[PDB]
Amino acid sequence: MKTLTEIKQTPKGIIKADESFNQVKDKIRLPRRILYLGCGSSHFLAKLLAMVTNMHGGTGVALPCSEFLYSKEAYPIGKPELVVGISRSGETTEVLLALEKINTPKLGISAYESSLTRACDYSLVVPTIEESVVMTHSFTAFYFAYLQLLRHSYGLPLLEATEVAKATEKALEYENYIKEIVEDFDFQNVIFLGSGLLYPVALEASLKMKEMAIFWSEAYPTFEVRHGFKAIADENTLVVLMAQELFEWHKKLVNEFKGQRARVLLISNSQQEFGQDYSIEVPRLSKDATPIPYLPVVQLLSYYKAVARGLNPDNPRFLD
Amino acid sequence: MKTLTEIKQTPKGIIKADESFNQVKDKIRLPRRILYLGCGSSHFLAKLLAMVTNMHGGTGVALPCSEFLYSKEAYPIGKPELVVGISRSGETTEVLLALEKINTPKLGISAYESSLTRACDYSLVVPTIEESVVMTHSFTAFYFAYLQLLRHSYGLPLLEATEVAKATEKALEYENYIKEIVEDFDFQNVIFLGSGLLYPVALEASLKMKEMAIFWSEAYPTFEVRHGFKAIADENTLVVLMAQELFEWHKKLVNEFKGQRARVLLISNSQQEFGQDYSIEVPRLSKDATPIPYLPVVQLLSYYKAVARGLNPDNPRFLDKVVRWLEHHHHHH
C-alpha cells in the first residue's frame, strides 16, 4: 500500500528536501513578514511555517485560502513582504485563486512544477512523489526544505539533514509497536495534543485520522484541552500527548485523563515516566526541527487504525 | 435546567453588557494593537475580539493562555499596546499566570470582581450570572460589551443594545423548531461551519456539543471543510452551515454534503432554497454584531441534543467549573 510505503520514505524525503533547498537558496531570500496560504494539510503546514517564522524573529501569519478569499478583513494580515502558497499537486484551485488576488512577491511550494509554481515569483519544488490521496512524507519534506530556506535567509546556521533524516528512521522503528497499540486498544476516538510547533502536528495527525480511518479525532494545544474539551475523553479514548520537554503539568494532565479511564500515548524527545499507557521517544533535534520525527509516528498510527477498520487509506470515500 | 434558563437570559445579558460598557467607556480607551488571552469558551471569544479588532482597522491577535505561557515565540504577537485577559469566573489560573508575565496595560473581562480584575489596570465586568459549568449567555454578553467599547474607542457609532437584544429574542423563538430537528434526525455527529466572525461561533458551538452533549462535533471555516475533513460526514451527520451572505459556492457545498447523504441545517440572515434540510433565519445586524443572534441558536441545539441523550448540561461528567493549577510553585514567606 502506497500510503505506508510513502510514510516510510520519510528519511529519503528529508534528503530530497535538503537538495531542493540547496537548489534555491541563493535565488530566494525569505523576508521577515510572510503570509502563508494553503488548504487542508497544506493549511496546517502553512500554520507550522508561520510559527517558525515567528520563532526566528519574523512575523508569520497563516489562514485557509477560502478565509483569505472571503473574510481577510477579520485576520491580522498586515503588509506581508512575501506570500507563500502551498499545494502538494500545485493545482489546488483555491491556492491559485488566492494568489491571483495578490501583487506582492509570491513563492509556491509544491511537489511538482505546476500551475502554482508557474504563477509565482519563486518556487520551491520538493519532488517527494506520493500516489496516495493522503499527504504523508511530503508534509515533512516541504517543512524541512522551508526550514533550511528560512534559516539560510535569516543568516542562521543550517541544520544537518542526515541528522534529521536519522531521527525519522528512529521514529519509523516504532512501527511494530504502533501496530501493537492498535491491536491492544480498540479505541473509538482519539485526541492529539501538542504545544507550539507540535500543535499543527496535532492538527495534521487528527486530519490523517479523518481521511485515512474516517474516524472521530480531535486536536488541541496541550493544556487548553482541560477547558471543557476533555469531556469527550473516556475508556474508549486514546490521548496522544506530544511534548518536546515535559514538566509537572504534563504529569497531572496524563493522570487527569487516566482518571476518566482514557489511555495515554506519550510521544516525546525526552524519556519521562508519568504512568502513561504507551510511550514513544524520538531523537532530540533543534527547536525548529523537533516536530519532524513526530509526523511519521502519527502517520503510522493513523494508517494502522484505518487498516484495522478495514479501510483503504490510499483512496478514502468522498476524497479527491 | 439552569443551562436552558441561562441561554434564555441572552437578551437581558445584552442590556447588562450595555450598562457595563457605559460604566467604563470614559475610563478605558482601547488602542490599535491588542492581544487577547483566554481558555476554552473564553479563547474562542478572544478569537472573535481579535477579528473585530482587525475589521475595525486595528491589529488583533488571540491565543490560548497556555500557548502564551509555554510557546509564545511561535505566535505573531508583536508589541501589543493592550493585553485583554478573559475568564467568566475571573479565577482561571492560566489567565492570571499569563497576565503576570506581561508589562503592558491590561484589561480584565469577567462576570465578577475577582483575581483577574484585581490583577488588571482596567476591567470590564459584565454581571451575567451563570450557575451552569457551561458558559452560554455570558459569552454573548461579554462579546457585545466589548464591541461597544471598541466602537467608542475608535470614534465609531455605538450599536443599539435594544435592537441587538431583540435580535436574540427572535433567535430564541426558534427553541421549538430546534427540538424538532433533534427529534427528527438521530444524528451521530455534527459539523459547524462559518467564515470570518461566524467561524469562532462554529468553534464555540462545537465546544457546547462536547461539554453539554458529550458528543462528536467538529468546526471549520466554511469552505475549508472540503479539504479532507468532509470525509467523516455521512447519513448520520448534521452539517450546520452559518452564513450572513449566501452565494453560489454555498450552494455547491450544500449539495456536496447532500451527495454524502448528510443533512444540512442552514442558519442565515435570509431565506434561500439551497437544498438544505432545515432552515433558521436570524435578524440581520451591523456586521460586527451579526454573530450575536447565532449564539443562542447553537446553544439551544447543543442543549436539546444533550437532553435527548439523557445528559445533564448543568454538570457534565468530569468538567470543572473553574479550570485551575497551583499558581505559585513555592509559597514565599
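All values below were derived from every heavy atom in this structure, side-chain atoms included, with hydrogens, water molecules and symmetry-related copies excluded. Residue numbering restarts at 1 for every chain, and letters A, B, ... go by the order of the sequence lines.
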### Query
Considering residues at least two apart in sequence or located in another chain, which fulfil the side-chain hydrogen bond (donor to acceptor under 3.5 Å, both in side chains) criterion with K8(B)?
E175(B)

### Parallel, tilted or perpendicular: ring planes of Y174(B) versus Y177(B), cut at 30 and 60 degrees
perpendicular

If you look only at distance, which donor and acceptor atoms sit under 3.5 Å apart when one is on a side chain in residues 42-52 of chain B and the other is two or more places apart or in another chain?
none

#### Entry: side-chain hydrogen bond (donor to acceptor under 3.5 Å, both in side chains) partners for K287(B), two or more places apart
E73(A)

### Task
Among residues two or more places apart or on two chains, list those pairs meeting ring pair (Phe, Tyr, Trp, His ring centres under 6.0 Å) that have a residue in residues 195-214 of chain B.
none

### Query
Do we get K305(B) above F187(B)'s six-membered ring, with its NZ or CZ under 6.0 Å from the centre and within 45° of the axis?
yes

### Summary
Those residues at least two apart in sequence (or on a different chain) that pass side-chain hydrogen bond (donor to acceptor under 3.5 Å, both in side chains) with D234(B) are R317(A)

### Query
NZ of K208(B) to CE of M135(B): how many Å apart, nearest 0.5 Å?
7.0 Å

### Pairs satisfying ring pair (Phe, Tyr, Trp, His ring centres under 6.0 Å), at least one member in residues 281-311 of chain B, at least two apart
none

### Message
Just to verify, what does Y220(B) make a ring-ring contact (aromatic ring centres under 6.0 Å, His included) with, not counting sequence neighbours?
### Response
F229(B)

### Task
Report the residues that fulfil ring-ring contact (aromatic ring centres under 6.0 Å, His included) with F68(B), sequence neighbours left out, ordered by chain and then residue number.
none

### Task
Tell me yes or no: between the side chains of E94(A) and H227(B), is some donor less than 3.5 Å from an acceptor?
yes

#### Entry: salt bridge (charged side-chain N to carboxylate O under 4.0 Å, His left out) partners of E218(B), counting only residues at least two apart
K210(A)

### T5(B): partners by side chain to side chain contact (heavy atoms under 4.5 Å, CB included), with sequence neighbours left out
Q9(B)

### Summary
So side-chain hydrogen bond (donor to acceptor under 3.5 Å, both in side chains) across residues 139-157 of chain B, not counting sequence neighbours, yields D18(B)-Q148(B), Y36(B)-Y146(B), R151(B)-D288(B)

### Task
Go through the structure and list residues passing side-chain hydrogen bond (donor to acceptor under 3.5 Å, both in side chains) with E67(A), not counting sequence neighbours.
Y75(A), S195(B)

### Task
List the steps and the verdict of salt bridge (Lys or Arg N to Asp or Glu O under 4.0 Å) for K230(A) and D320(B).
CA-CA 10 Å; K230(A) 72 171 184 174; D320(B) 303 293; 2.7 Å; yes

